[PDB]
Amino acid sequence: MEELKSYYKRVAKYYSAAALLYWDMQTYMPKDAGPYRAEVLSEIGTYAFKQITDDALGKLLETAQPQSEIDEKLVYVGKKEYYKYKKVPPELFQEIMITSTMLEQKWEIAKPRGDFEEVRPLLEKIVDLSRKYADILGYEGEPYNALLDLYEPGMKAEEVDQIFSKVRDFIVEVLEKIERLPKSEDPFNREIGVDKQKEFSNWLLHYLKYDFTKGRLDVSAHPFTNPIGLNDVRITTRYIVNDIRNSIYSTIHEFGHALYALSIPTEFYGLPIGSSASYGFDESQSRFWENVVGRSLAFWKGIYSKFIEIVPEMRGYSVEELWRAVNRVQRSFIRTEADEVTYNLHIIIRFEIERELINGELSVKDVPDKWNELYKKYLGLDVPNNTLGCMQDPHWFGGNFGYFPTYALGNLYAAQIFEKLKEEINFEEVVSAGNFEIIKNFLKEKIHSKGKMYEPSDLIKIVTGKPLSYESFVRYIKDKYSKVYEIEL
């Protein structure tokens, strides 16, 4: 039904405006403009929501007569989203929405001082609303499964728990072998001017063939990807003078997200089937490019001579030394700084906590002690204060629960996708040659072209023939880190 399509395409225009408003907020917006910008965003978002849970859309959904298979998926997906969100009493939406912004802005102030008490009351409030929200969305097995479903449709906390446990056991085994070894000096531990870093990030984006007719690179406090409109998908990075790896891998990570957004069929734009399949799947794409491609020796062989030219200071290092040095493993307090071996331990910890929070088995008051205890259990670290501890990430302070686990699933999806890719393609030759269109074409045909037509579990089977599990990841880490650290396992 053309009429159904138009209704969605009209609402998407308001989403586009909201997306630009968010992008500008993080990049160019003047300081004092913040509070009003927040009000504009809230207004536009709430209007878009009204439109998307309105009777006229339900009426269109119930009257449309699909002609093709794609039309069927559209209504199917359209219906499921509509009836789920119809159930949301506009009171609860606005009550969460304002509580979020207020928790968000309070967190900014309290975080440098690890002052949990300044954010505690709003956090225990947002968790309460979430639990009510979860009740009136309905759930199988666990209240938490309701919220998890919003980010990873069809995924259950019990399966996540089973995969996480196996993943954890393998990671402690690996960590223990790696930790025995003396570390080498870090060749990237040195000052490289921002201008040189920008030059290299821009070179990388051209080498990867980022479409600068349909996006751009800017800086923000926290690197992200923002699909603003048709042919407008923007990415940000951050330049840390004494660790060029931050800008390099942020840029490539965001390229990964951007490529996904740009490669979804144009005809899907603005439609319910027009986004990525899930947060896990979107993160599988950023991680694929950032880590599987970006931290591979094959990738480095191709960028080495250009890097060396731009950064003559590091001429004295071999490509193999540089490759190993972007793969340094280290238990650290900060999730966003974690290597691909320790990273998932950070997600497990957050998974355990937010699940118990939403299932009413843990209080907000006990969060700091619980966080610290789990960092001690899984990462063997003594969290000194809350800044490095439980207030380090914004997610919870924006009210997002069920989001965190999808970062880990993203790592798992990426490894399994990569194992499949390797059956059809000489990955090392392709990547060291810089011939990425071969890889892009595989990802488009297998993944990007499907948009949100399928739930992730179905999508992973279509792509790889198997449900998601940890074996691909285990194999990926065993093989790679054995080569990195020159030891068995």
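Note that residue numbering begins at 1 and tracks the sequence as displayed.
With respect to the recorded C-alpha B factors, which stretch has the higher mean value, 180-188 or 296-304? It is 180-188 that shows the higher mean C-alpha B-factor.
Output the stretch having the higher mean C-alpha B factor in the entry; the candidates are 23-31 and 446-454. Here the higher of the two C-alpha B-factor means belongs to 446-454.
Taking the Cα B-factors listed in the entry, which of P312, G193, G256, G270 comes out highest? Across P312, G193, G256, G270, the entry lists the biggest C-alpha B-factor for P312.
Name the one of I252, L137, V341, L322 with the greatest CA B-factor according to the PDB entry. The C-alpha B-factor peaks, among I252, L137, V341, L322, at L137.
Ordered by C-alpha B-factor within the chain, which third holds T225? Give me lowest, middle or highest, please. Bottom third by C-alpha B-factor.
Among modelled residues of the same chain, the CA temperature factor third for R245: It falls in the bottom third of the chain.
Where the record places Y151 (Cα B-factor, split into thirds across the chain): Middle third, going by the recorded CA B-factors of the chain.
If you rank every modelled residue in this chain by C-alpha B factor, which third holds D282: lowest, middle or highest? Tercile = lowest for this residue's CA B-factor.
Using only modelled residues of the chain, where does the Cα B factor of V75 rank: lowest third, middle third or highest third? Middle third - that is where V75 ends up once the chain's C-alpha B-factors are sorted.
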